[PDB]
Structures are given as structure tokens and as C-alpha cells.
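Take a look at this one chain, the form deposited in one PDB entry, written out in C-alpha cells.
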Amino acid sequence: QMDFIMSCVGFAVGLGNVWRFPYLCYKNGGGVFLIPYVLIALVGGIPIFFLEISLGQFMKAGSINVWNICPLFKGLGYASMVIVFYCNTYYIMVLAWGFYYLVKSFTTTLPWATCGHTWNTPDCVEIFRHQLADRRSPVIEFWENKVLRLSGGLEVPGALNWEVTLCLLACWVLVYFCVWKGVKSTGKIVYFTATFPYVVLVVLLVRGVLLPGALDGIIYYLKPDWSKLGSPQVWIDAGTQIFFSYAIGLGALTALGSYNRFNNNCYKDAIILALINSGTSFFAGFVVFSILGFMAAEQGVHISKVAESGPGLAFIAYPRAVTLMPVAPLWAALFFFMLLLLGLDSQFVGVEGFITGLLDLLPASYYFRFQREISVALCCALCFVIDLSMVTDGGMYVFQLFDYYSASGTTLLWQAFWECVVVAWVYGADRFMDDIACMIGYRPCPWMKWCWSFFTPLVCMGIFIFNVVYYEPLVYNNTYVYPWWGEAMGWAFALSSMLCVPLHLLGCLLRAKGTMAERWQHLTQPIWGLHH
């Protein structure tokens, strides 16, 4: 079906499946991460994915207009906008690093194959003997000393990195050119971009399985650690990983639903997209953890300490796989080209959605002469100004605050929980089921309304409560504990995303008159379109 490919290439299959899931699994521990993943996917992931798709189909509108079913909660739309903005702030940053790798890929010998270069510390060696626990692989040296120039901590920003600055600027001007032109990957390149990733990954997997110690890595990836289930860290990471990789709460899924026709088979669409996202994430995990197993066997250090536990694992594992290929530079170019294409597709969708939302928000009186190009130029420039913070020596640290807090973390649980509450307890789960039955003819499984009513909200609330009760300060690469101001800034992002719903609530309550009950009922009266 068109929806399948449109969503896959669009903003469903992307870095969140190839880059995010790997290091989330690595940080939480390989096997133990999978149980909350599948549990949330069956309980929170699939139901909310279906919710957003079919809500977009029903209302035939995206952005905030989709909440005309309950204008009193229209604030969720605003919240989504904020979230996607933060996403667009740091998502592109990954691309910059990837772009940098691509630029350094075109060489007879890859930069991260030998460590005899200038920036590499004397504590390195190309091949490892059976000092111990101190030697650093050339790939991590290239990732940190050169690509990142990682500083002591977030307290010290350091000197700006000009090469990554230029690469990020190139990514942003490319985003500007494509969004303004509206490339949309044509119609056949779409198909190519739908099938180009897996192919490359497949090759890696074959090489991945043909390595010493890849079995240890894969059993670490699969066999759960039953002790770790107690901590809420795994549950928050898995729930937010699904709500990120599925793009839950970012408003693009409602746009996908609106693009679809009213008479469409949305249930099978949602199930197959969930299966594709989960399977692509699982496949990327296969590749990454096979590579980690090979590195653990070759280093001699334990699997849990081989690579960086932060966002850089996808740039530690995947390039190493390329070094194992016969023609290394060609496969480096191919892999990083596919990664760049995936990121650009996702970022095009996100930036286009954000621009459409802003232009919808702004009244007709604020009609700029060049509103399209002016708006996209301002958004790109502002995002670049914010991104200058993540390019600095300590900038990687800020990226973590944009990863754990701005989009993922507590804010996504809050958004999804309020989604469930507004659609099920306010609008009416049974009435919504009747609407779905009218839309698609037949009726979905009762598991869906059970999930929306008192399963997904309860699970999200429980993870939230276990987080706040047993709060742990965020730690980067299990080495650097964040200070109170970094936590404060991350929570500033979190509250900026979360407060959109309660503040818009109080705003509507104040703008309304009379007794609280009657005005709350008036403001929550659904507003129907011409079709229904």
C-alpha cells in the first residue's frame, strides 16, 4: 500500500531505528531491554500508533486542528510542535556527524582504520594483544578526539569545531534547498530509499555474523538480565524509545492519517508499520551487537564496557563493521550515504510539518510576502544558532540533554498519556470505536480500547511515578554525572514541552465565562468538518 512506503521512507523508519535503538539497548543492557520494548509495543506502541493514524484519517487535518474533537485539549498540538522543534534541533546534528564521516570516507585508507594520525592519543595501537583496560580502538579515538573533540564536561564548553560546523551548515543548507523545492524523493527514488537501507544492513549482518565472538554479542543482545528489570531506567528508556521511533506525539502521524483517504484500511497499516519499525530496530540491533561482540572478543574487555554507552554507539559500531569489509572505502561511502538519506528523509518530514504548523498558527494578517522561504530560512537559521551549542567541544553533552529530555524521556510519556486520556476518557473510547467501525467497516480487536482506556495510561503513569520516586541523575557514558544546572536545563526543555497542555487548559478556562462545569463542557464540544 502507499501508506506503508510513504510512512517507512517518511518519518517512521529512520535514525531512531538504526542509531537510537542500538545505544539504548547497549545502555540498558542487551537482553533486558527487549522485554519492556515488546511489552510497551504491544500495549503502548501499537495502540497509540493506530490512534494517531486513524485520528488523522478521521479529522482529515494535521497539526493542531486535529484536536477539534476536543478543542479544550488543543494544547497537545502546541506541545507536539515544541517536541518536533527540539527534535529538529538535534536530529540534524546526528546527520552532521554522519555527513562528516561521509566526507572523510573518500580515502584509500579510512581515517578510523589507523591511529597514527596527529589527533590520536599515544594510548592506542592498531592490533590488540591478549595497557590492559586502557588501550583505545582507533574508531573511538576518531569519534571523540576528532569528530567530537570531547571536553572534560558540560561545565567547560571549549573551542568550537569548525569542520563539523561546516558539515552541519551543509546539512542545513541542503535541508533548506530540498524543503523549499519539495523533493519528496520523487516516486521511484522513494522505492529505492525504501529498499536501499536494508540491503546495506543485510550485507553488514552477514559480515557481522562471520566474526569471532559475534555469538557472545548476540547472546548478550538476546538473553535477558532478570535483575535489571527492577530499575525504572529500562522501562523509561524502552517506552520512550518506542514513542520516539514511532514518532508518537510529534504530530506527523496525524499528517500521515490526513493524507490517507477516509475509506482506507488503517488497522493493517498501523500493525504493519509497527512491525516494520520494530523489525528494522531489531535488525539494526543484530548488526550493532554482533559488532560489539566481535569488539569484545578482540579487545578482551567485557561487552558492557567496549563502546560508548551514549548516543555515539552507532558511530562506534557501524564504522568498525565497514573496516571489516573487503573494499572498506566503498562500503563506508554506501553505508553513510544510506544513513544520510534516512536522516534527511526524516528531517524533511519534520521540518515540513513544523513549517506547516507555524504557517497555520500565524493569522492571515501576518501574511509575509515570501512566507514560505522566509519561514523556512528563519527556522533553519535559528536551529543552526541553537546547534552551535552542540558543535563545541562540550557540545556532545548538550546533545544528550536534547536526547534524554527534550524529545524522549518524561515529556513523551506525558504527551502520550494525555493523548490516551483525551481520546478515551474525554471523547469516549466506545464512540471512537464506533467511528473506527464506520471508517473501516469492520471493528478492531477489544485489546485496542482496553489499551487506551486503562492500560496504556496506567503504564505510562506508572513509569512516570517510578521515575520521580526513584529519580537518578542523568549520567553520560556512565562516567560523567550531570551537574544541577544541566539537569535544570534539561528539565526546562521537558517543562517547556509538557506545560503546553495545562497552560492552554487554564487559558481556555479563563477565556470562558460562567460556572466551571458548563464552560468546560462547552469548550470540549467536538467541532466536526464538512464531511461529518
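Under this definition, the rigid core comprises the largest set of C-alpha atoms superposing within 1.5 Å between the forms. Counting begins at 1, following the sequence as shown.
Separately, the form deposited in another entry exists; it is not shown, and the next lines address it.
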Position with Cα shift of 2 Å or more, rigid core superposed between the shown form and the other one, options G187, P326, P446, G116: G187
Displaced residue check between the shown form and the other one: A12, CA, 2 Å or over, core reference: yes
Direction of C-alpha distance change in the other entry, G10 to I92 (at least 3 Å): farther
Distance trend in the other entry - C-alpha atoms of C8 and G98, change of 3 Å or more: farther
